[PDB]
Each structure stands twice: as structure tokens, then as C-alpha cells.
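Peer 1: PDB entry and its sequence, pasted below:
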Amino acid sequence: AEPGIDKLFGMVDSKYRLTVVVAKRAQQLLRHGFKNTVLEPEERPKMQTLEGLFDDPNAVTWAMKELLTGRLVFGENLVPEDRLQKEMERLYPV
Amino acid sequence: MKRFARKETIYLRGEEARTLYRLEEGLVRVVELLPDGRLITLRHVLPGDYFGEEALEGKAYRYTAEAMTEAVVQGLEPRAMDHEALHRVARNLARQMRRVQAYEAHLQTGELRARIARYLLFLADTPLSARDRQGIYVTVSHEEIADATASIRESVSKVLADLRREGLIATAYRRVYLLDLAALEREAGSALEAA
Amino acid sequence: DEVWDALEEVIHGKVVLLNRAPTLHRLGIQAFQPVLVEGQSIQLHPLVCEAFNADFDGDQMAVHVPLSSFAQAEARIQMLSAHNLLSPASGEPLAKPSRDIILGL
Amino acid sequence: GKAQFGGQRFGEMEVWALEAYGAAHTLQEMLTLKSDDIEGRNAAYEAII
DNA sequence: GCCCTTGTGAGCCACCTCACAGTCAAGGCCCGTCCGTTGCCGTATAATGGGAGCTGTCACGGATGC
DNA sequence: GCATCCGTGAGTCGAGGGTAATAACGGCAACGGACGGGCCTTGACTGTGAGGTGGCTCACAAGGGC
RNA sequence: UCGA
Ligand SMILES: [Mg+2]
């Protein structure tokens, strides 16, 4: 089972909203190359390679953990799409 | 076995040298391409000669091999050769060493006119040559002659024009006819090893 | 052998969908985190056998790969086997001890 | 079929399953990018690679 | 105590750096030329109404018929 | 109102092999297509020519080494 | 004609 799935279901009125939030956040992370993360260097998800510990490539895991932290704000009509995208591209270029 | 057309390459510099080749028919040139775009003829591969020698020692080709005529080549696996094959390869490589060193000497012997005459007479003893009514001839461009006489096209064209005015040779359609073998022989001074 | 390691890197955290015909209810398809194994056989967890009505007398299953981040999210959250433990019909547990487990206990 | 290097059939009941899961983007993938959407599948492959 | 290789210096003489014309050659097109393949008619004894059927459901909704 | 015919349905997914057979012709006419060539539209080569300019050409007078 |  996914870690803290019950608590994640707790944060939303509908599971599907959780899914949408996670997916979209994952899209943000992928688009901006993880440099917009709310996580701390010790909170970063890790993956064991032959070399050793590396950053987890999976953005969904990242998004779910980030959501579990509470530092993310989700809802409807929080901000116009264009303004959001441009401010994100200003804070975290591509 | 594989056939190649004129100007087509058998292998490129820096590419994996997995295959050793032996020229069965035609004429092949081993050349090097400079950053500035100048092309230089390093050596001539004749039927029976082994080339792509980099496959015997390294991992990648160091030079480019280009077919000057319709050519028939045979691909070979270096690791699969017996005593006899290695013997033939050694002897042939020695022959090509002698010929490439003689070519070296040729490149620094005599003025441009002499070098051109010598190269023409050399090509006369290669599959690049043939014969009709006008006399013996060789199918070669001025650019290639420049590449194989340590000079550039323009000067070569000038010297060839001089030879045309003097009646020693005639030219048309990348095709040069050697009308006076004696005169060309005198101009060249020393002959170039054809085998 | 390095491409297998690369393949291990690729599938990290991602899930695949398993399906068995006939698909009578929504648990006819479930999401699983794949663990690469030698051999040509797909390995299925015992507890889900009831929901699939699956057994090992030669039954076959199909695998699907959700491509998008959205699809992956849907699979991991909504479609994951561990997240569906109760029957949507009776409300009773579907994934539960059976056969040998019950026998031992 | 395996002999034609074919893909698996996602039938009516499977679609019903996906609908019951409320997995809309997965279902949409099945109905488009992984099937007869040409521009979609081309762009999808290119995007993944 | 006698060999090997050096350091200038003045002066041409072919050979290389631009800048351009003309020149021979190869797929490409159109022509027409011819030739092969295609479309059309004409066949006048008399001739004058087809031929293969497919059989062991089963239940419902709906139009139709005494 | 109550028999009766007609039309339409009758579980999912996966696996491997199979495919033809035929009775009518010549006498012309003309397109439509294979072919052999000549005019093109470039693309790859010749044939100058006018400017610079390296680096061979060609004799001096000994310095360090073995 | 199979397999589940
Ligand atoms: Mg079974």
C-alpha cells in the first residue's frame, strides 16, 4: 500500500481530487525539473542503484510525499492559469 | 563480397573497425580529411591489397577509404585467419609499406610537372587506366591529381594545359590521354612503384 | 547486462495493470508494482485470486502499461490492489485469507 | 494474435472496469494513444523517447 | 689536433589565394513513332415462362387479423 | 379482446492451421503505352590571369667534440 | 476445434 494513503484520502472530499492534485503536481515537477520542490534535501525520496543512493525519478512519489508534508495548497480557482505558469517559469526557468 | 560505386566510401574515419577488407577488383584510395576541408591521398589500394588495417590492431578506423572505380571487395574476420592468411596479409602489408614509402619519396621528388607526369604514368599501371584509338588513357579528375601530387587543382590544371600545348597529353571528361610516353618518362625522371 | 539495470531504473515506482477474463467486476483489473523476475511466467499474489476468480491450472492474464502521469496516478491511487480490500457489492472483505492460510491458522 | 505481433484486446467489460474505477485518463489512453489515434500515438511515442 | 654541424644575406622563380568564366555530361521531359492491346460490330435454318430448395431452439416486443 | 407472424437477440479473452472453378470469334480501327532520341536544367569539371612571397639557391669562416 |  502507498504510504499515508488513508491520510491522503483524509485531505480530500473525493479520492479523484487527490488523484488530480497528485497528477498535476507531478506534471509541474517534471516540467520544472524538480527544482520547484517543497521538500528538504533529507526529505528527498531515494532510489538504490548499483552506484548508490540517487534521486527518485518517479514524480508521482514526489508529489504524494510533498502532499503529505502539507506545504502544498490545492483547490479550485486559486489563480489564473497563465499567471501561474509564467510566475513558475520566472521562479524556475526551463 | 561487396560491390562499390565510384566516389562511394567503404568505411569512415572514427568508425568501428570490425571488418578487414581485400580489394578484388578496381582501385581504392586511402585518404585523410582535414578540418579546413583539404583532401589528401595517403595511399593507393590495388586488387589483392588488404586495407582497413586498423581492424588488426585498434578499435576504429583512422582513415577514410574511397572507391575510385567500380570496385569489388571481400570482407574478412581478422580473428578467423589461419597461418596462410596471416602470411598473405603480412607479405601484402609489406608490399604496401614499400609502395607507400616510394609514394612518400615521389611526393617530395621534382617539381609539380614531374610529379604530375609521374602520377599519370603510375595511374597508367592501375585499373584506373584503359585504352582506345586515341591511345592509352586514365580516368581521373584534376582534383584527385592535386590530392595525389601535393598541390591544388588550379596549378595542376595549369601544368596539364602546358602539356596540352606541348602535345604530351590530351584531356576531356575527367579522362586524360598519355600521347608521348617517352616525354612523360623524361619529365618524371624516376618512376613510381606500381607494385 | 547493463540494460537490465536500466530497465530496473525505468520501472521504479511505476505500476502495471493485470486483467483476467472474464472481467465481471472492477476488480477484474488491478494495479501492481512489478518486480522483475527471471522466467516467462507472471507471478500473482494469492490474496487477489478470489477477486479475479483466478487459479493456477493454466489461467492466463494480460498486462497493461499506463503511460501518462495522470494514468499512473489513477492506477497507483484508485486501482491499486492494496487500496481495494473490500467488496463494492456486499461491503465485506474481498482480499482475505483462504485455502492453505486458513488451514494453517 | 502473437503470430502477427498483435496487441491485446481491451473489450467492453474491461472498459466497464476502467469506468468503475473512475480512471478516465487511463481509459482515454486505451481508446486513443494506444490504438487508432495516429497523430496521438506518433506524438506519444516521440514524447516518451 | 683534426671532423660535424652551423649562422647570415641577397635575389629571383615557381607555386598558392581570389575571382570568373565557358565546357562536357546525366537524369528529365516532350515528341512522335510505331506497335500492341483494347473496344465494337456482326454471326439470317429455328430457336420464345427458372431452379434450388433445408428442415432438432427460444422467448419477447410489437403489428396485424377474426 | 386473442391467435399469429416477423424481426432480433442470445458471455469474455487468448491459441493455431486451410483457400477455386469455369466452353465462342474474327475483321477492323485507334487509342494508350513501350521505345528511341533531341532539347533542357543544372552539377561536376576545364583553362586562365593577376598578384603576392615562401624557401630553395649559393658561397663564406669557424666553434665544440672525440 | 481448442485453453481458461
Ligand atoms: Mg483455472
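Peer 2: Looks like it arrived, so ask away. Numbers count the residues shown, from 1 in each chain, chains lettered A, B, ... in the order given.
Peer 1: quick check: bridge partners of the residue lying closest to residue B:100 once chain neighbours are set aside?
Peer 2: Leaving out its chain neighbours, the residue that sits closest to residue B:100 by C-beta to C-beta, 6 or more residues apart in numbering or on different chains is residue B:43, at 4.6 Å. C-betas here are computed from N, CA, C, even on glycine. Judged by DSSP bridges, the bridge partners of residue B:43 are residue B:30.
Peer 1: tell me the spacing between residue B:43 and residue B:150.
Peer 2: Noted for residue B:43: a distance of 14 Å to residue B:150, by C-beta to C-beta, to the nearest Å.
Peer 1: repeat for residue B:44
Peer 2: Going from residue B:44 to residue B:150 by C-beta to C-beta gives 15 Å.
Peer 1: what kind of secondary structure is residue 35 in?
Peer 2: I'll assume chain A. Taken by DSSP: H, G, I helix; E, B strand; the rest coil, the conformation at residue A:35 corresponds to coil.
Peer 1: was after chain D, sorry
Peer 2: Relying on three-state DSSP, one would call residue D:35 coil.
Peer 1: ok, the closest residue in space to it that isn't next to it in sequence - contacts?
Peer 2: Nearest residue to residue D:35, sequence neighbours excluded (C-beta to C-beta, 6+ apart): residue D:41, at 7.6 Å. Applying C-beta atoms under 8 Å, 6 or more residues apart in numbering or on different chains, we find residue D:41 in contact with D:33-35.
Peer 1: will you turn those into a markdown table that also has neighbour count and distance to residue B:15?
Peer 2: Formatted as a markdown table, the contacts of residue D:41 follow (neighbours: other C-beta atoms under 10 Å in any protein chain shown; distance: C-beta to C-beta, whole Å):
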| residue | neighbour count | distance to residue B:15 |
| --- | --- | --- |
| D:33 | 20 | 38 |
| D:34 | 19 | 38 |
| D:35 | 13 | 41 |
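Peer 1: so what's the most centrally placed residue in chain C bridging to?
Peer 2: Central residue of chain C (C-alpha atoms, centre = their mean): residue C:32, 4.2 Å from the mean position. When bridges are called by DSSP bridges, residue C:32 pairs up with residue C:16.
Peer 1: more neighbours: residue B:44 and residue B:150, which one.
Peer 2: Neighbour count, other C-beta atoms under 10 Å in any protein chain shown: between residue B:44 and residue B:150, residue B:44 has more, with 22 against 13.
Peer 1: the more buried one contacts residue B:27, correct?
Peer 2: Yes - counting by C-beta atoms under 8 Å, residue B:44 touches residue B:27, with 7.0 Å between them.
Peer 1: where do the contact lists of the two overlap?
Peer 2: residue B:126.
Peer 1: any idea which residue sits dead centre in chain A?
Peer 2: For chain A, residue A:63 is the residue whose C-alpha lies nearest the centre (C-alpha atoms, centre = their mean; 2.5 Å).
Peer 1: apart from its neighbours in sequence, what residue is nearest that one?
Peer 2: Distances taken as C-beta to C-beta, 6+ apart place residue A:25 nearest to residue A:63, at 3.9 Å, with adjacent residues excluded.
Peer 1: what sits against that neighbour?
Peer 2: A:63, A:66-67, A:72 are the contacts of residue A:25 under C-beta under 8 Å, 6+ apart.
Peer 1: if you skip the residues just before and after it, what's nearest to the residue of chain A at minimum distance from chain C?
Peer 2: Of all residues in chain A, residue A:58 sits closest to chain C, at 3.3 Å by C-beta to the nearest C-beta. In space, residue A:58 comes closest to residue C:13 once its chain neighbours are excluded; the distance is 3.3 Å by C-beta to C-beta, 6+ apart.
Peer 1: can you pull out the strands in the chain?
Peer 2: No chain specified, so I'll use chain A. Listed in chain order, the strands of chain A (DSSP state E) span A:46-48, A:53-55.
Peer 1: in JSON lines: these, plus mean neighbour count and distance to residue C:55.
Peer 2: Conversion of the strands of chain A to JSON lines gives the following (neighbours: other C-beta atoms under 10 Å in any protein chain shown; distance: least, C-beta to C-beta, whole Å):
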{"stretch": "strand A:46-48", "mean neighbour count": "12", "distance to residue C:55": "35"}
{"stretch": "strand A:53-55", "mean neighbour count": "11", "distance to residue C:55": "41"}
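Peer 1: RNA strand G: which of the ones you listed is closest?
Peer 2: strand A:46-48 (36.5 Å; C-beta to the nearest atom of the strand).
Peer 1: who are the packing partners of that closest one?
Peer 2: strand A:53-55 (3 or more C-beta pairs under 8 Å, 6 or more residues apart in numbering or on different chains; DSSP states H and E).
Peer 1: what's in contact with the strand it packs on?
Peer 2: Identification of contacts with strand A:53-55 by C-beta under 8 Å, 6+ apart yields A:34, A:44-47.
Peer 1: let's go with 10 Å and repeat that
Peer 2: Strand A:53-55 is contacted by residues A:34, A:44-48, A:62, C:9 when judged by C-beta atoms under 10 Å, 6 or more residues apart in numbering or on different chains.
Peer 1: for stretch A:62-70, same thing?
Peer 2: Stretch A:62-70 is touched from outside by A:2-5, A:7-8, A:11-12, A:18, A:21-30, A:34, A:37-40, A:43-45, A:55-56, A:58, A:72, A:74, C:13, C:69, C:73, C:76-77, with contacts defined as C-beta under 10 Å, 6+ apart.
Peer 1: how about stretch D:24-39?
Peer 2: Residues outside stretch D:24-39 that contact it (C-beta under 10 Å, 6+ apart) are A:16, A:19-20, A:23, C:17, C:29, C:31, C:64-75, C:78-79, D:7, D:10, D:14-15, D:17-19, D:21, D:23, D:40-45, D:47.
Peer 1: which among the residues you listed are in contact with DNA strand F?
Peer 2: With C-beta under 7 Å from any atom of the strand as the criterion, the contacts of stretch D:24-39 include residue D:14 near DNA strand F.
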